[PDB]
């Protein structure tokens, strides 16, 4: 029994051990209540404005589209406190944790961005925060781990399975299955069991709402398409949500193609994986032929979630949204291009969305199109990775 539909079409659900069902039901109730509560909404708005820095800019990028009929704006989630869009929904979830009388936070992270956001919000709002991170990721993300610890969070390396994000996801759910009476699990993407896909969308939807208002002010019309990278699906669904009912507006999600789809070394389950049931949901998965869960490969650490949120699988199925992929090399070219032509250093995750917009422009340069790319994060964190690649090249 739930208040809201746990499915988007065939996708989604609540595939958790029975012990966790009361926690999901409790969370769902608290959310539905919070969304009707002006006090909750006011506190959330205050944090987003005065602490996180919303609204974020919408930047017109004139140089990169010169000599084509593409007008490209970037939604600047890179300018949000924490340097990524993850901050938005962490603040909302931390307030739900408080609403429920929970005093502790559990979070998973792969790249570390969600972990940092969870740690910062927990510090601000007086919650005790524990973050699970695959042991391989802890090693790769020393800066983010240190940031989390500076902010008073406990970072717990996970050594089971492949010691990466999915294994961190498991550990968070094992902990929660034993601690839910006092702790909230602050899931970091629009995936997992209901009600998380719904909560994360609603707590990210200001991205698209602001974008719509900004584009109307600057251009007097809706965009032809909005384009966002898809790891688990949160930044994308936050950009897409407010436009779903605007049927003229294209919704393009970009999965990481890694070394190339044909290599198998990618992170594009929506278009190139197979539906399975894992991490509490029925959704497209990276998996073996036998049904073991596999990792997502990408140059970008944050596009490592080996499945995808169920609403994306649904929007794809009905043809409302279209999903594409961008390879490591394409993303790296987009990264360099934005740096040199617009003076913005984008996250490598976000660089996948930008790469697809550049392809839309370059393939058809005489097509009139008004595009928005969601710039989900800043790329300060990626300059070592890029350094090392360009060193190993030219």
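Positions refer to the first chain, counted from 1.
187-195 versus 154-162 - greater average Cα B-factor per the deposited record = Looking at the recorded C-alpha B-factors, 154-162 comes out higher on average.
query = Which has the higher mean CA temperature factor in the PDB entry, 131-139 or 69-77?
reply = Averaged over C-alpha atoms, the B-factors run higher in 131-139.
ask   = Per the coordinate record, which of the options 232, 256, 284, 112 holds the highest CA temperature factor?
value = Going by the entry's C-alpha B-factors, 112 comes out highest.
query = Looking at 315, 121, 145, 277, which has the biggest Cα B factor in the entry?
reply = Going by the entry's C-alpha B-factors, 145 comes out highest.
inquiry  = Where does the C-alpha B-factor of residue 261 rank in its chain, lowest, middle or highest third?
reply    = For residue 261, whose C-alpha B-factor we compare with every modelled residue in the chain, the answer is the middle third.
query = Is the Cα B-factor recorded for residue 12 in the lowest, middle or highest third of its chain?
reply = It falls in the bottom third of the chain.
ask   = Should residue 105 be placed in the lowest, middle or highest third of its chain by the C-alpha B factor in the entry?
value = Middle third, going by the recorded CA B-factors of the chain.
inquiry  = Quick check on the deposited entry: does the C-alpha B-factor of residue 88 sit in the lowest, middle or highest third of its chain?
reply    = Lowest third, going by the recorded CA B-factors of the chain.
inquiry  = Using only modelled residues of the chain, where does the Cα B factor of residue 371 rank: lowest third, middle third or highest third?
reply    = CA B-factor rank for residue 371: lowest third.
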